[PDB]
Structures are given as C-alpha cells and as structure tokens.
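Undergrad: Sharing a structure, written as structure tokens. Questions coming.
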Amino acid sequence: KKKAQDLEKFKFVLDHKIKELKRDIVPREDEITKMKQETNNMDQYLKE
Amino acid sequence: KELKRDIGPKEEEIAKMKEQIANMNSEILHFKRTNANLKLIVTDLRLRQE
Amino acid sequence: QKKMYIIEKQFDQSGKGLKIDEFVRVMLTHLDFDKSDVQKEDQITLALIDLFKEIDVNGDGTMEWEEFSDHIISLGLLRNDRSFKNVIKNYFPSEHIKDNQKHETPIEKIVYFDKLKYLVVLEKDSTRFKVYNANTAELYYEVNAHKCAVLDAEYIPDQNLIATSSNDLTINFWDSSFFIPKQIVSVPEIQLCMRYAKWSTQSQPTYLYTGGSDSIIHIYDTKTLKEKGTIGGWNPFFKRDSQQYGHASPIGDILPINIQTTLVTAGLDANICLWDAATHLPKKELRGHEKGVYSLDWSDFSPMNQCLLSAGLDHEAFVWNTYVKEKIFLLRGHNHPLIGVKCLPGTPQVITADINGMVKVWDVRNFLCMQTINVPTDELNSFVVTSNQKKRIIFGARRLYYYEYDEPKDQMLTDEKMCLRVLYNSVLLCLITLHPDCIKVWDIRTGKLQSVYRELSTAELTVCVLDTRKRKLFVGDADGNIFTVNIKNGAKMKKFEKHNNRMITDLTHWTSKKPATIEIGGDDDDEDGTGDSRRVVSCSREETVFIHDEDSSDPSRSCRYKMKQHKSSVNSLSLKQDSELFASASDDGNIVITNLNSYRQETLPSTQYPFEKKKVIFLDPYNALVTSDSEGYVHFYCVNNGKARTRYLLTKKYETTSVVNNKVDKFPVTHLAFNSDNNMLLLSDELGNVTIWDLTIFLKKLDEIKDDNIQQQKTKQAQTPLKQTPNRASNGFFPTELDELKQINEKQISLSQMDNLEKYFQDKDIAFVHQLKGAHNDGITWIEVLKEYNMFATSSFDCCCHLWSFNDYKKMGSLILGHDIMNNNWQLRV
C-alpha cells in the first residue's frame with residue numbers, strides 16, 4: 001500500500017511537466033516572424 | 001525528457017533566413033550607389049546639352 | 001545523461017559530500033520531474049532520502065560523489081545483467097529439432113516421459129503410439145497400443161510402464177524397457193484423461209487417475225494397474241442428499257498436485273474441483289472460467305508466487321490460489337482458445353498457447369508476456385515442455401515443432417563468438433568482453449557474464465571503448481556507424497556520423513578537459529561555458545579518419561574533421577595521454593601523429609622497415625610510441641607532443657615461439673596492452689600467447705633524453721643579452737632576398753649526439769618480462785590492462801577473455817558466459 005502510494009503521485013504528476021514543456025514550446029516555435037516581414041519590405045525598397 | 005528535448009529542433013527551425021536579409025541589404029546599397037552613378041551620368045549630359 | 005556532468009558539478013560543489021537537503025535539492029533541480037508539483041516533489045524527496053541512507057555506509061549522514069558514483073556503477077552492472085533478475089531468455093524455435101517420422105495421421109496427443117525420455121505421441125485415429133525424443137523427435141517404436149483411438153499415454157514410474165488408454169475401454173501398460181504391453185485392463189467406460197499421480201507423502205501409493213466421459217476419476221494403482229476406486233462425478237442415478245461435488249461433463253484432465261496432495265479436475269462446466277487426494281473428496285471448486293477448462297499447470301517458481309494456471313475453451317489463462325478462491329491473474333493478448341498453460345520447472349516462465357500458433361511466455365513474478373512466439377503451424381494439437389538440461393517447447397501439430405532456450409553455447413567462453421576485446425571499466429569494477437555479436441560486460445570481482453548487449457548496433461560489435469568517465473561505451477560497427485551506448489543496459493543513447501560505408505578500424509575517446517583556473521582581468525561580451533570537448537576519433541578501412549564531437553548532438557555534424565592522414569586503411573589509433581596528439585597507423589608503413597584540436601599531422605620519420613603497422617599505442621605517460629607490425633617488429637619512437645619531430649628510437653624484434661613447429665617466427669602483435677604500472681607491454685600472439693615485455697629501460701632512456709633536451713634549452717636561454725627596438729614602425733616595403741645568405745657555414749658544435757636515437761635505444765632497452773604461452777586458443781584479440789588490480793584480461797579468437805595476473809601473468813581468470821561462476825575461474829576479489 002505504501003509503495004503504491006509512493007507511486008501514484010509518480011503515475012500522475014510528471015504529466016504536469018509533460019503538459020508544461022509542450023505549452024512552453026507553444027510560444028517558442030512561433031518566431032518564424034517579423035524578420036521575414038523585414039526581408040519582404042527591404043526587398044520592396046530594393047525594387048524601387 | 002521527450003518534451004524537454006522536442007523543443008530543440010522545433011525552435012531551431014524558427015528562423016535561419018537572415019542571410020537573405022543581409023544579402024538584399026547589401027543589394028540596397030548597391031542600387032543606391034547605382035542611383036548616384038546614373039544621376040551623374042544624366043547630369044553631365046544635361047550640362048553638355050546647353 | 002545530459003545532466004550527468006551538471007549533477008557531478010553540483011555534488012562536487014559541496015566539497016564534503018551532499019547532505020540530505022543539498023542532495024535532494026540538486027537532484028530536484030536536475031531531474032526531469034515536476035518541482036512545482038508537491039506530490040512528485042515529496043515522493044522524489046523521499047526516494048532520494050532513501051537513496052541517501054542507502055549510500056550512507058559511514059553513517060555520518062554524508063553521501064560523497066564517490067559513494068554516488070559507486071552506487072551508479074553497481075546499478076550499471078545490474079543493468080548489464082539484462083533481466084534485472086532471473087534472465088528469462090525468449091524461447092527460440094529449435095533450429096536442431098523437428099519431426100522426422102511419417103505421421104500418417106494428425107498428432108492427437110504428446111506425453112513426454114522425462115524419466116524415459118519417451119516423448120510418446122499418440123497419433124489421431126492411429127492404433128500405434130510413436131515414442132519420439134523430446135529433444136530430437138526421434139520415434140523409438142510404432143507399437144499398436146490398443147484396438148481403437150488412444151486418448152492418453154502416461155508414464156507409471158512405479159512399474160516402469162507406459163500406460164495407454166483407448167476408446168476400446170482398455171488400458172495397456174507397456175514395459176518401457178521393451179515397449180511390450182505388460183498389462184491390459186478393461187474398464188466399463190472410456191477415460192479421456194489418464195495421469196500418473198505420485199503424491200509427495202511416502203505412504204500414499206501412486207494412483208493412475210483416469211477421468212472418463214462420466215466425470216468419475218477411476219483410480220488404478222500403478223502396481224496392479226487395475227481400478228480400485230471411483231471419485232465423485234456427475235452421477236444423476238445416485239439421487240440422494242449428497243451435495244453436488246464434481247463436474248457435470250467428462251473429465252478432460254487430472255492434475256496430481258503432489259505438493260498439496262490435490263487431484264485437480266477441470267470440467268466443461270467451467271469447474272475445477274480440487275479433490276483431496278488423501279481422501280479424494282473436494283477440498284475446493286475453483287470457478288470463473290467461461291467454458292470448459294482443458295489444461296492445468298502448477299507454476300511453483302516460488303512459495304510466495306505459487307499459482308495454478310488454468311486454460312481451456314477460454315481464450316485466456318486464469319491464475320488461481322489454493323487459499324484465495326478468486327483467480328489471481330489473467331494472461332491477456334491471446335486471440336483464440338488457449339490450448340493450455342505450462343509452468344516450466346526451475347524457471348518463472350509460464351507458456352500459454354492459442355490455437356493459432358501464438359504463444360506468450362510470462363514471468364510469474366509479474367505474469368507479463370515477456371516473450372511472444374509465432375510457431376509456424378497452421379493447427380496446433382498440443383504441447384509438451386522439456387525442462388531436462390534445456391528449456392524446450394515441443395508443439396505437436398502437423399509436424400513436431402521444437403523451440404529452445406537461449407543459453408550461451410559455450411559458457412566458459414567470454415562469448416559464443418570471438419572475445420574481441422577487454423575493457424577495464426575500473427569505474428564499473430567489471431571487465432567488458434567485446435565480441436563480434438555484442439560487447440559483454442563482466443563483473444571484475446566475480447567474472448560473471450553481467451551484460452550481453454546484443455543488438456547494440458546494426459552490425460557486429462567489433463570495438464568497445466570506455467568513456468573518459470567509464471560511464472558510456474563507444475561502439476563502432478563495420479558499417480561505419482559509431483555511437484555511445486549507456487554501459488548500464490546497452491541502450492544506444494547517441495550515434496555519430498557514418499563512415500564511408502567502411503568498418504571503423506579503431507575508436508578512441510579524447511576529451512580535452514578544461515583545467516579549473518581562476519581568471520582575473522577582462523572586459524568583453526562573451527558568455528561561453530567551459531565545456532569539456534569530447535571527440536571520438538574513428539579510423540576505418542579508408543584514408544579518412546572522422547573526428548566526431550560528443551558535445552555535438554548531431555551524429556553527422558559530430559565529425560569535427562574528416563581528416564586524410566594515411567594512404568590506406570588506418571590500422572589503429574592511439575591517443576597519447578595528457579595530450580591532443582593521437583597516432584594513427586596504416587599498413588603502408590607510415591604513422592601520423594595528428595593534433596585533434598589543431599588537426600596537424602606529424603609523420604614519424606620512415607623506419608628501417610615500413611611494415612604494415614598493426615598495433616599503435618603511446619607509451620603513456622612517456623613520449624614514446626610503440627608500433628607492432630605484421631612481421632613481428634615493435635618499433636619505439638620518441639614522439640614529441642610539440643612540433644619537434646617524433647624521433648624513431650628503437651626496433652625490437654618481437655619473437656614468440658610457435659606452438660607447433662617450435663620455431664620463433666615473425667608474428668604481428670594482435671594487441672598491445674601497455675600496463676603503465678609495470679611499464680610493461682602485453683603483446684598478443686595469434687597462438688593466444690600473452691607475451692610480456694619490460695619497457696622500463698626504453699622509457700627511462702626517452703625520459704632522460706627529454707631531460708637532456710630541457711637542460712640544453714635552459715642553458716641556451718641562460719645566455720640571452722638585452723637589445724632595444726625601433727620606434728613606430730611603418731612604410732612597409734618588405735623585399736625578398738633568399739640566396740644572399742647561402743654562403744655562411746663552417747661552425748658546428750654538438751651536432752651528432754641527438755641523431756643517434758636508433759642505437760641509443762637498443763633492443764636490450766625493451767626487456768621481455770614473461771610469456772603466457774598458449775594463453776589463448778587463438779590469436780589474442782586484445783589485452784586489457786586492469787592496472788588498478790595489477791590485472792590484465794586477454795581477449796582472443798578463442799572466444800574467451802582469460803584473466804592473467806601481472807604479478808605472475810598466470811591465467812587467474814576467464815570470464816565464463818554461463819552462470820556457473822564456480823567453473824568461472826575468477827579468483828578476483830575486490
């Protein structure tokens with residue numbers, strides 16, 4: 001019983017960081033971003 | 001551990017194209033200098049006309 | 001494994017071992033767990049406190065990094081033991097056993113008479129029982145047992161009889177000494193099952209219990225072979241007040257549990273009547289099966305893990321306890337009705353088989369499907385398990401199919417295959433025997449076959465390299481793939497860039513470790529960590545050598561340099577200790593010492609003989625490089641870690657006596673085991689001979705040459721005057737003048753001394769300490785210098801790695817695959 005008790009939290013919790021790491025990744029991959037807008041607009045400047 | 005490490009390549013793919021920005025930035029000054037060169041090539045001909 | 005070094009750093013931060021609080025806090029910061037979640041926070045704190053107390057041997061409440069590393073080493077060796085206990089190797093199909101006799105009819109039953117070895121197969125609709133070999137399916141006699149179809153064939157050891165029961169209402173006991181029917185007994189009814197029960201008690205006579213269609217167990221004493229009693233069954237004629245005990249369907253099987261003196265009868269009504277064989281009355285009726293139960297086994301692996309295992313019309317096996325009425329366990333994954341449940345004696349392995357050739361091998365300690373077997377049988381009629389000297393499953397189907405256990409073929413060998421290499425993981429406190437198939441780790445203290453890391457690579461394991469911390473095994477395959485595998489359980493934690501599809505001739509792990517020095521003075525924006533630059537230098541059958549970066553996660557980009565240093569395959573690579581220079585050898589006779597960090601090559605000046613360099617090793621810590629060629633030549637060179645030419649010093653004619661012809665021929669040194677403790681060189685001989693040279697004289701001469709060079713440098717520096725310099729530079733205009741200084745000579749002093757290294761070093765400078773002649777059956781593939789214990793484990797083509805004790809060099813050990821440690825001649829005590 002005590003071992004199953006010391007293992008129930010081990011069965012449950014790390015799901016916490018399982019979700020946390022993915023949620024952190026959520027905003028991380030995002031920055032395929034304004035650098036590209038800059039490269040587009042400076043390309044327009046090149047055009048003129 | 002898997003989700004602590006999936007961050008790596010996914011973030012690495014975030015942006016690798018600053019090379020294009022720098023190349024076209026150099027092209028910008030290239031065109032600027034061409035601007036002045038051709039401006040002079042115009043003006044010298046303007047003067048000779050009169 | 002990424003935070004291993006960070007945890008090491010934080011533990012060393014304590015300086016006196018981390019107490020409970022710092023210990024737990026460091027592992028909480030480093031662990032891939034939920035620090036903010038109180039549940040696992042407290043659970044991990046409790047687990048780490050238990051670990052702390054376990055590590056606490058001094059009892060002072062301090063767990064040093066030494067103790068933590070020792071515990072990690074013990075756990076790594078246990079993982080080496082790739083079961084975590086009682087390795088239950090999968091039942092492989094018997095490549096050596098198959099049906100031979102022309103069974104004219106389908107196999108009905110197969111009873112393996114282990115006492116007789118008479119695997120009596122009762123053929124369906126066949127009036128003869130063909131007794132084969134449970135180990136080879138070799139039919140002894142096709143003798144007509146009865147007049148009609150035979151249901152059961154059980155061995156009565158009490159009379160050396162093979163009793164066969166037939167639907168003709170007869171039972172024929174045949175003297176197994178001659179397979180002639182000793183006694184024919186008529187019965188009022190046909191008995192579907194017929195089992196010899198020899199209960200444990202000495203005073204209980206052996207009863208052949210026959211369960212017929214009436215559900216009544218007719219009991220025949222094995223002496224007179226005649227019926228004397230009938231056990232309870234579904235008997236509607238006996239209409240009285242007696243409680244309904246027994247089964248309402250024909251007896252399918254009779255299980256004598258002699259340990260519990262219980263006759264177990266499984267009926268089509270799903271009942272399992274446990275009858276007290278002392279009284280033959282019902283001690284119990286196990287229930288829970290959905291349909292008729294047909295097969296029963298008694299997994300007696302441990303008294304605390306005892307489990308009856310029942311199968312039948314149900315597609316799953318029920319686990320039962322004599323006390324606990326409820327079915328203890330149920331083995332899942334079965335797609336069809338289970339033919340039965342077997343409990344292999346002497347092992348925790350219980351085999352449950354479906355009708356479709358699908359077998360699950362379960363560990364009774366967990367009753368988990370440890371193994372899955374797909375027997376190539378369209379229909380399987382029965383199965384018998386032979387446990388005598390070999391764990392084999394004999395599937396009686398359209399053919400006699402056999403499956404065998406995976407015990408090591410030659411236990412005394414360090415492997416069934418070539419014992420390619422020996423690694424002295426002094427951290428692991430074990431010897432790792434590298435062999436073609438896998439890199440095998442062996443407890444140095446016991447010499448036990450600890451780890452058989454089969455499948456470590458897509459190819460055979462030809463090289464096993466210990467990590468600088470002796471915590472990771474670098475494995476290179478003939479395909480050109482390198483990788484790091486945790487030496488604990490043989491997991492390929494990482495891989496490196498593939499070679500040009502060529503076998504990695506040699507793998508080395510050179511770690512440029514940054515010294516811990518206090519820095520004062522600096523104003524710049526550069527926050528770069530002091531990472532320890534580990535590089536795997538790999539040489540293959542190619543002019544190119546790959547410098548993979550362990551710190552580099554990408555296996556392909558690991559190769560910090562694809563450096564071409566030799567004109568042919570690099571025979572061997574030797575990293576010079578406490579230096580960045582590694583010497584690579586090739587059969588072209590050229591040796592190139594290259595600086596890993598600088599990637600600069602310094603070629604050893606051509607020897608008097610450019611013999612194919614077979615084994616190249618630096619005489620660490622001496623600046624001496626030793627190269628053993630194919631022609632029995634051991635060349636010693638004054639290799640300088642700087643830009644000074646690595647100067648050739650001597651060439652000792654390595655001579656080992658031929659075992660057969662008694663002629664001392666030129667034998668290439670298969671391996672060079674440089675015991676720095678003895679300054680000795682274990683030269684491996686294709687006759688398995690551990691020759692032994694003393695390098696003390698050569699090493700002393702090389703060191704004294706270093707000292708002479710240093711003294712000369714100091715004397716030259718001591719006479720330096722002072723000069724002033726020009727001011728402000730400028731105006732450049734450097735001209736070229738080369739030839740205006742070609743006429744200045746005629747001043748020579750002290751020029752012919754340092755050029756006599758070849759004769760300054762003489763073969764007498766390389767003593768021959770010993771020779772373990774015949775030390776191996778075949779060429780010694782390796783000699784691992786277990787320096788701490790004055791030990792050296794020689795690997796050879798004999799498939800063995802014998803322990804040879806430097807004090808005598810005698811074979812004090814030989815890592816023996818089989819768990820027969822007593823036969824494992826490992827006298828090592830740590």
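Convention: chains lettered A, B, ... in structure tokens order; per-chain residue numbering from 1; ligands numbered from 1 as shown.
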Which residues of chain A are close to chain B, meaning at most 6 Å apart when you count only C-alpha atoms, and how do they look as a short mmCIF file (atom, residue, chain, number, x, y, z; two decimals) with N, CA and C atoms, in the first residue's frame?

TA:
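This is the output file out_0.cif:
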```
data_model
loop_
_atom_site.label_atom_id
_atom_site.label_comp_id
_atom_site.auth_asym_id
_atom_site.auth_seq_id
_atom_site.Cartn_x
_atom_site.Cartn_y
_atom_site.Cartn_z
N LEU A 21 6.06 21.41 -20.75
CA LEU A 21 7.08 21.55 -21.78
C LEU A 21 6.46 21.84 -23.14
N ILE A 25 6.84 25.16 -25.41
CA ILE A 25 7.17 25.09 -26.83
C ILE A 25 6.18 25.90 -27.65
N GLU A 29 8.25 27.91 -30.94
CA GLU A 29 8.30 27.75 -32.39
C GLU A 29 7.75 28.97 -33.13
N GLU A 31 8.37 32.05 -33.59
CA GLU A 31 9.10 33.20 -34.11
C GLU A 31 9.67 32.90 -35.50
N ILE A 32 8.80 32.38 -36.36
CA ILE A 32 9.01 32.44 -37.80
C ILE A 32 8.30 33.71 -38.25
N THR A 39 12.55 41.31 -44.26
CA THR A 39 13.15 40.89 -45.51
C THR A 39 12.23 41.14 -46.70
N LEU A 46 14.49 47.57 -52.20
CA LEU A 46 15.38 47.17 -53.29
C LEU A 46 14.71 47.39 -54.64
#
```

Undergrad: Give me the residues near residue C:224 as a compact mmCIF listing (two decimals) with N, CA and C atoms, in the first residue's frame, where near means some atom within 12 Å (using only C-alpha atoms) and where sequence neighbours in that chain fewer than 4 positions away do not count.

TA:
```txt
# COMPACT_ATOMS: atom_id res chain seq x y z
N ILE C 156 3.87 -44.55 -15.80
CA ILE C 156 3.86 -45.05 -14.43
C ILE C 156 5.28 -45.44 -14.07
N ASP C 158 6.30 -46.21 -11.20
CA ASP C 158 6.23 -47.24 -10.17
C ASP C 158 6.39 -48.64 -10.74
N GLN C 159 6.11 -48.84 -12.03
CA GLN C 159 6.29 -50.14 -12.66
C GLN C 159 7.05 -50.03 -13.98
N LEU C 161 6.26 -48.42 -16.61
CA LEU C 161 5.22 -48.75 -17.58
C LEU C 161 4.79 -47.49 -18.32
N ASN C 172 -3.49 -50.26 -21.61
CA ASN C 172 -2.35 -51.13 -21.81
C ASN C 172 -1.10 -50.49 -21.23
N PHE C 173 -0.54 -51.13 -20.21
CA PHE C 173 0.72 -50.74 -19.60
C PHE C 173 1.82 -51.55 -20.26
N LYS C 182 2.70 -54.78 -20.73
CA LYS C 182 2.82 -55.61 -19.54
C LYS C 182 1.45 -56.05 -19.03
N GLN C 183 0.46 -55.16 -19.09
CA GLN C 183 -0.85 -55.47 -18.53
C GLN C 183 -1.94 -54.75 -19.31
N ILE C 184 -3.00 -55.48 -19.65
CA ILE C 184 -4.17 -54.91 -20.31
C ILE C 184 -5.34 -55.02 -19.35
N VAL C 185 -5.98 -53.89 -19.06
CA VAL C 185 -7.06 -53.82 -18.08
C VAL C 185 -8.29 -53.25 -18.78
N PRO C 205 0.19 -44.60 -1.98
CA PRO C 205 0.53 -45.31 -3.22
C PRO C 205 0.22 -44.46 -4.45
N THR C 206 1.02 -44.67 -5.49
CA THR C 206 0.85 -43.93 -6.73
C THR C 206 -0.42 -44.38 -7.43
N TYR C 207 -1.26 -43.42 -7.80
CA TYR C 207 -2.53 -43.70 -8.44
C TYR C 207 -2.55 -43.11 -9.84
N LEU C 208 -2.78 -43.96 -10.84
CA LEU C 208 -3.08 -43.50 -12.19
C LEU C 208 -4.56 -43.13 -12.18
N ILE C 219 -9.39 -44.89 -10.32
CA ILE C 219 -8.07 -44.84 -9.71
C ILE C 219 -7.44 -46.23 -9.82
N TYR C 220 -6.35 -46.33 -10.57
CA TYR C 220 -5.66 -47.59 -10.81
C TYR C 220 -4.31 -47.54 -10.11
N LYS C 228 -9.47 -49.55 -8.62
CA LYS C 228 -9.90 -49.84 -7.26
C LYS C 228 -10.82 -48.80 -6.65
```

Undergrad: Restrict the distance test to only C-alpha atoms, flag each residue of chain C within 10 Å of chain B, and return the flagged residues as a PyMOL selection string.

TA: chain C and resi 31-33

Undergrad: Can you check which parts of chain C lie within 7 Å of chain A? Per residue, the shortest pair of atoms and distance in Å to one decimal, counting only C-alpha atoms, sorted by chain and number, as a Markdown table.

TA:
```
| residue | atom | partner | partner_atom | distance |
| --- | --- | --- | --- | --- |
| C:33 | CA | A:14 | CA | 5.7 |
| C:34 | CA | A:14 | CA | 5.6 |
| C:37 | CA | A:13 | CA | 6.7 |
| C:39 | CA | A:9 | CA | 5.4 |
| C:40 | CA | A:9 | CA | 5.5 |
| C:43 | CA | A:6 | CA | 5.9 |
```

Undergrad: Find the distance between atom CA of residue C:580 and atom CA of residue C:646 and write it in Å to one decimal.

TA: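 Going from atom CA of residue C:580 over to atom CA of residue C:646 covers 14.3 Å.
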
Undergrad: List the neighbours of residue C:274 out to 7 Å using only C-alpha atoms; skip same-chain residues closer than 3 positions along the sequence, and give me the result as a list in words.

TA: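 Listing them by chain and then by number gives residues 262, 263, 264, 265, 282, 283, 284 and 285 of chain C.
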
Undergrad: Produce a file of the selected residues containing N, CA and C atoms, as a CSV table (one decimal), in the first residue's frame.

TA:
```csv
chain,number,residue,atom,x,y,z
C,262,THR,N,-3.4,-32.8,-4.0
C,262,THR,CA,-4.7,-32.4,-4.6
C,262,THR,C,-4.8,-32.9,-6.0
C,263,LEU,N,-5.9,-33.7,-6.2
C,263,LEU,CA,-6.3,-34.1,-7.6
C,263,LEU,C,-7.2,-33.0,-8.2
C,264,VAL,N,-6.7,-32.3,-9.2
C,264,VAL,CA,-7.4,-31.2,-9.8
C,264,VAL,C,-8.1,-31.7,-11.0
C,265,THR,N,-9.4,-31.5,-11.1
C,265,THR,CA,-10.2,-32.0,-12.3
C,265,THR,C,-10.9,-30.8,-12.9
C,282,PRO,N,-13.7,-33.4,-2.3
C,282,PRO,CA,-13.5,-32.0,-2.8
C,282,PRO,C,-13.0,-31.1,-1.7
C,283,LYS,N,-11.7,-30.7,-1.8
C,283,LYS,CA,-11.2,-29.6,-1.0
C,283,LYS,C,-11.7,-28.2,-1.5
C,284,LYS,N,-12.0,-28.1,-2.7
C,284,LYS,CA,-12.5,-26.8,-3.3
C,284,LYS,C,-13.0,-27.0,-4.7
C,285,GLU,N,-13.6,-25.9,-5.3
C,285,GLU,CA,-14.0,-25.9,-6.7
C,285,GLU,C,-13.7,-24.5,-7.2
```

Undergrad: How far is it from atom CA of residue C:541 to atom CA of residue C:691, in Å with one decimal?

TA: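 Spanning atom CA of residue C:541 to atom CA of residue C:691 is a straight-line distance of 27.7 Å.
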
Undergrad: Residue C:674: which residues within 9 Å, counting only C-alpha atoms, same-chain residues fewer than 4 positions away excluded, as a list in words?

TA: residues 617, 618, 619, 620, 678, 679, 680, 681, 682, 683, 783, 784 and 785 of chain C

Undergrad: Figure out the distance between atom CA of residue C:146 and atom CA of residue C:167, please, to one decimal in Å.

TA: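 So the two atoms, atom CA of residue C:167 and atom CA of residue C:146, lie 8.7 Å apart.
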
Undergrad: What parts of stretch 647-813 of chain C does DSSP call helix (DSSP H, G or I)? I'd like the answer as a ChimeraX atom specification.

TA: /C:696-717,757-760,763-765,787-789
